[PDB]
Each structure stands twice: as C-alpha cells, then as structure tokens.
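One chain comes next, on its own, written out as structure tokens in the form deposited in one PDB entry.
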C-alpha cells in the first residue's frame, strides 16, 4: 500500500473566507469592548496538561468531562458585518486571532416566526469537526462546549452550568425547532451546530467504552472542565486536557545510516540505523534518538518503494518508551523545534496513564456525593 502520510488524516477545513484586515480591527475592538479584554488578545481559555496533582483536584471540585476531538478549536462570534451594519454575520476565529467569515449560516431567535430577527453580541467556545458518514459523505459540525456571551450579556463570570444553560435555551433550542420544520433551508448551512456530549467527572469509563467509539470523527483525549469556576481568558489551571502517551507525537527529521562492512559492499536490504533529528537553528539539526523498527516493519517500509531518508516523520512513544514510526509529514518543511519537543516530552513525563486515571474514578465519585450533602 501507499506509505502512511498526512493525507490519511481527515482534516477539517474552516468553511469560510478570511476576514479582510480592516474588518478584523473592528471585530477585535468590538469583542474587547464586550468582554473587557485587550483587542489583540485571544479571549479563549487554554487548558493545562493533566498531571499527577490533578487526581487530587478532581476529588476536591465538581467537574465535567468531554471528549477532546480531532478538529479545530475556534470561537464563534455572531454580530453585524463591519461594512454592512444591516447584515447579520458569523465569524470563526482561532488562537492566532484569524477571523473567518462564514456565509449562509443562521441562528434563529426564540418565538420569532418571521425569521427576520437575529442574534448579535454572542460569543461561543467550540470545536469544528468533520463527521464521516457511509457513502463517503462528509458533514461539518460545530460542537459548543462553552458560552462567553449571549445577546449582549457577558456570562464569563458565571459558572459552567449557567453558561451552557443560556446557550441551550437561547440558541440551541430555537435552532432545533427551526431545523425540524425548515429541513430544506438547514441543509444549506456550511455546518451544523450542537451542544457537546458531556459527562460527570467520574463518568470517564462511559466515554471510553460507549461514546468515543461511536463518534463519526476522531479523538485525541479528554477535557476536564471545572463547574465551580468562572471562564478564564488564557491559561486556566482548572481546565485539564488528558491524552494517552501514544497521542503525544513529535515530528522528526529521519535519516537512515547503513552499516559499512569491512568486507565487500553494503547490503541495502539489511536493516539500517534510523536516526531521528530535531530542528534547532536554520538548517541545523541535531541527533535526538533512534527510531525502533523491527524486521517486519522494515520489510513493510521497503515494500512502500518510497524514499525513506531525509524526510519529516511523525513518531510516537510505545509501552517500552521507544520512538516508533507513525506516518510521513510531507506538509512540513522542518521537524519540531527543540523547544516544542521539550514541551511535549514534559507532558509525557508528568503524564498519568489511562489505568491510573480509571483506578482513581471511584474515589472521585464518592467525594462528589460527600459534597452533595
């Protein structure tokens, strides 16, 4: 078969056009005025990597947990077009503050049967995912997991249940009503919008065994959201992302080195050394590790009949903490920078295994009920 590559990955692409530069200045100004932040500062929250100390944290406070999807984290902003004050416009924007204008998308207002009324000053936190259906059909979906503002009112200072509560009633409910009767008009939407499937902090097992294997998109871990804390812009020490070791991948520069024998010539059919290199300076690479390859994989690699050396590969750590080939990355000019590699490995060193996480669940459950007393 073909060599595993980035083309195997179902990659969600934002179904919109980049907003013009003059337009984003207005939006950033408009958003900052609404939230009370700095205009060029991303108002979204960022999670911290799940560490060992976070087992105790889950025992002390009420938590929700959801599936962390393979997709794009972006904020959805319902507003009016910066150039056309009478035109309802929806924007998606990521942590790099890149605004995408999405057309033909529409969020109904409750009890308005005219269909002319629309929401403004509404800001959601969610994930853009690509659901795969049989027959090679694709469906873009936006999974809402938090609400920063709804109809001019800032909910950041409220708790999670209230934030998600206002979204469900004011936005999700009318859209559901609308979709039931306007199915034709719904199918033109660039994407569908829904509240994310959530569980109580101790319902981890249910996620692993029932929810995650039934999703129509990919998964790369869990998100733990505290229900006792306000929404925090930037790094939130109470928002935890967990991820198995096998999903903490690194891009390396692969380089093959063949044993130069003293007698005769080189046997190229024999397994060489697989050197993994880290990118530092300009075109300056440094040795970092050897990729472990067994005989069966080496034959498989040769059977690909593609160049192996001098290209970017994504690798993962196995149970023996050996770096293993995952796929080629043709979409990368260079391997990860040493600073990036260090960060990933730190998340692994302070990591918690899936077994330890599960075996700590019942204690987390009983403490949750001792608080409900």
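Definition used throughout: the rigid core is the maximal C-alpha set that superposes within 1.5 Å between two forms. Residue numbers count along the first chain shown, from 1.
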{"query": "Between 31 to 39 and 323 to 331 (mean CA B-factor, as deposited), the higher", "finding": "31 to 39"}
{"query": "Comparing 222 to 230 with 177 to 185, the one whose average Cα B-factor in the PDB entry is higher", "finding": "177 to 185"}
{"query": "Top residue by Cα temperature factor, when 92, 284, 192, 72 are compared in the entry", "finding": "284"}
{"query": "Most elevated Cα B-factor in the entry, residues 315, 345, 57, 338", "finding": "57"}
{"query": "Residue 255, C-alpha B-factor rank within chain (lowest, middle or highest third)", "finding": "lowest"}
{"query": "Chain thirds of CA B-factor: placement of residue 245", "finding": "middle"}
{"query": "Position of residue 299 among the chain's modelled residues by C-alpha B-factor, lowest, middle or highest third", "finding": "lowest"}
{"query": "Residue 352 - which third its CA temperature factor falls in, relative to the rest of the chain", "finding": "lowest"}
{"query": "Chain-relative CA temperature factor third for residue 49", "finding": "middle"}
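Unshown form deposited in another entry; subsequent notes refer to it.
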| query | finding |
| --- | --- |
| Out of 309, 62, 29, 41, the residue that alone shifts its CA by 2 Å or more between this form and the one not shown when the rigid core is the reference | 309 |
| Rigid core superposed: residue 51 CA moves 2 Å or more between this form and the one not shown | no |
| Did residue 266 shift 2 Å or more between this form and the one not shown, C-alpha, core superposed | yes |
| Flag for residue 277, CA shift 2 Å or larger between this form and the one not shown after aligning core | yes |
